[PDB]
4 protein chains.
Amino acid sequence: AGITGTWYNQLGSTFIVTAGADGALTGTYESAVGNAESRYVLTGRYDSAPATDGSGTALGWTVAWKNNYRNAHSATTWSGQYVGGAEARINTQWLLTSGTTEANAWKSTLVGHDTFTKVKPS
Amino acid sequence: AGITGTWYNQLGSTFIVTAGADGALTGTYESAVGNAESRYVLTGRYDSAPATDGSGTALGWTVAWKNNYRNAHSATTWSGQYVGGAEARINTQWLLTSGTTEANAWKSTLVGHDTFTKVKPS
Amino acid sequence: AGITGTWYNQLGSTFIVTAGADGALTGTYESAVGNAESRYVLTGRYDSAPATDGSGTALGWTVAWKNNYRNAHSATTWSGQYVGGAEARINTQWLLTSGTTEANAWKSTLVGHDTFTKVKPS
Amino acid sequence: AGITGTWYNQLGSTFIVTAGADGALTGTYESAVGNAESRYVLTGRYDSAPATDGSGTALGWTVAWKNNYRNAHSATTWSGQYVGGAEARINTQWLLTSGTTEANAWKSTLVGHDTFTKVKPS
């Protein structure tokens, strides 16, 4: 169950999350950490029964940079895997797609990565 | 609203989906198209108010290759953007992460793409 | 076994390439195609000895977007595979990275895909 | 402005590279580091004239995983940027593509990240 919680990224984002018994992910993303109108609904999925081999626990989740206060006309999906214990992290790769005229399709999707930890950076 | 529906991919996958008035995505992924125990719950997010410039409509969604019948200990997040009209498509990039020993972390995430259309391929 | 030549992608860009007998790839890439002021240097590598089970031929290459007529301050790589036959295609995927101040480092790399064909698109 | 040299990543791999005065990149990459049987050819490009606003230096390169001692039937490219200073790092991202039959074409390309530093990791 050790997914549910708060999770901080190197750069200064934060999201708390729940893991539905069945296998859901519900939460909200805070893209600063001292903000309020800069939170966005979070939903995603994670393998609710993982393997017995020290192997990761696959997950993903999406967040749409639009809320009741702002719209970036964009959305990030985080894909990766959660590891547990004392050094416990959420290792992801992420994609970011904006809405584009088809003229600029080709340049619509930023790629990156993010390591989330259960205790703040610096 | 022209997201809700069925969507087919070049290769032979299918997913029907709803767009919550607010901005959610709920659905289920069929990874063949004539299957049944090979469907997986689908949830994700999409910009419920898009821009007025012919620009795409950003979205993403995640699917965990584990259900009541199978487990691939994996998960795909699809990120991209939906375009409408008579030639209407869901253009995405996708990531796939498996659970890995940390020994094999480095090789945990397949990258690809998928163009979804509202009417079957071949 | 005919990587050597001229190739074209979904949007009418072109790169010519000789395929050194070991893995060398060198040649060029032309933003558009009919123009000498928008031409760019290209080097890369490929498997000079692919398996015989009709498996693709892995390859990669690079086009720092700099010449004597423009500097874009950026570089694309292309990773993927050659699949000869009637319809010879170089199915690839690419990462486009610009040079950023440390703060924009995160929005630095586009991701995308590209099919190349020995015949011009539409 | 010191791309030329020896670099190391989070897992103790290494590549040496000369940075041609225009953009050439050539050199090598060593699966591990202390071994001649696991060494691989490397070519690429970089912006030989990056802007002066302390922006990174874009670059890319390729290592078809083939030598006289092993053939992996695959190729990685590395796209990213050089950021000199006290802590000079080449922050990159990479795509690892194997040669596949048309049916496995979809599970063909790993994606991932890599920091390189002029000093060995741990």
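Calculation rules
Residues numbered from 1 in each chain as written, not as in the entry; some residues may be left out. Chains lettered and ligands numbered in written order. Heavy atoms only, no water. Residues with missing side-chain atoms left out of burial classes, pairs and counts. Buried < 20%, exposed > 50% of the residue type's maximum accessible area, 1.4 Å probe, protein only. Helix = DSSP H or I, 4+ residues; strand = E, 2+ residues; numbered from the N terminus. Pairing = 2+ DSSP bridges. Contact = heavy atoms within 4.5 Å. Buried area = accessible area lost by both parts, 1.4 Å probe. Salt bridge = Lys/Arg side-chain N within 4 Å of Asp/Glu carboxyl O. Polar contact = N/O pair within 3.5 Å; in protein donor to acceptor, adjacent residues only side chain to side chain. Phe/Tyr/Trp six-rings, centres within 6.5 Å; stacked < 30°, edge-to-face > 60°.

- Its PDB header names X-ray crystallography as the technique used to obtain the model and reports a resolution of 2.500 Å.

Details of the pairing of strand β7 (residues 89-98) of chain B
Residues and elements named next belong to chain B.
Stage number 1. Most of β7 sits out of view: 8 of its 10 residues are buried.
Stage number 2. Across 10 bridges, the pairing between strand β6 (residues 74-83) and β7 is antiparallel. The residue bridging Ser74 from the neighbouring strand is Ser98, located in β7.
Stage number 3. In this antiparallel pair of consecutive strands, β6 and β7, the connection spans 5 residues, and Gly85 shows a positive phi of 90°.
Stage number 4. The pairing of β7 with strand β8 (residues 109-117) spans 9 bridges and is antiparallel. Its bridge partner being in β8, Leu96 is matched across the sheet by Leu110.

Quick look at the interface of chain B and chain A
Stage number 1. Counting residues at the interface gives 47 residues for chain B and 47 residues for chain A.
Stage number 2. For the pair chain B and chain A, the summed buried surface comes to about 3200 Å²; carbon and sulfur atoms form 55% of the total.
Stage number 3. When the buried surface of chain B facing chain A is broken down by residue, B:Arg45, B:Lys66 and B:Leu95 rank first, second and third, together holding 17% of it.
Stage number 4. The interface formed by chain B and chain A contains 2 salt bridges.
Stage number 5. We note a salt bridge from A:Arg89 to B:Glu102, for which the minimum N-O separation is 2.6 Å.
Stage number 6. For the pair chain B and chain A, the number of links is 26 residue pairs in polar contact.
Stage number 7. Sorting the residues of the side of chain B that touches chain A by element identifies β4 (39-46), β5 (57-63), β6 and β7 of chain B as the ones contributing at least two each.
Stage number 8. For the side of chain B that touches chain A, the leading source of residues is β6(B), giving 8 residues.

So, the packing of aromatic side chains
Given two aromatic rings, one states the distance between the centres and the angle between the planes to describe the pair.
Stage number 1. Within this structure, the stated rule accounts for 42 aromatic pairs over all chains.
Stage number 2. For the ring pair B:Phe15 and B:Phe116, a centre distance of 5.1 Å and an interplane angle of 70° mean the geometry is edge-to-face. Of the two residues, B:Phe15 is situated in strand β2 (residues 13-19) and B:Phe116 in strand β8; the sequence distance between them amounts to 101 residues. Across the pair, B:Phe116 and B:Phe15 agree in class, each one buried.
Stage number 3. When the centroid spacing of 5.9 Å and the interplanar angle of 90° are considered together, the rings of D:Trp7 and D:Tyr82 count as edge-to-face. On the criterion of sequence distance, the pair formed by D:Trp7 in strand β1 (residues 5-9) and D:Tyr82 in strand β6 (residues 74-83) is long-range, its members being 75 residues apart.

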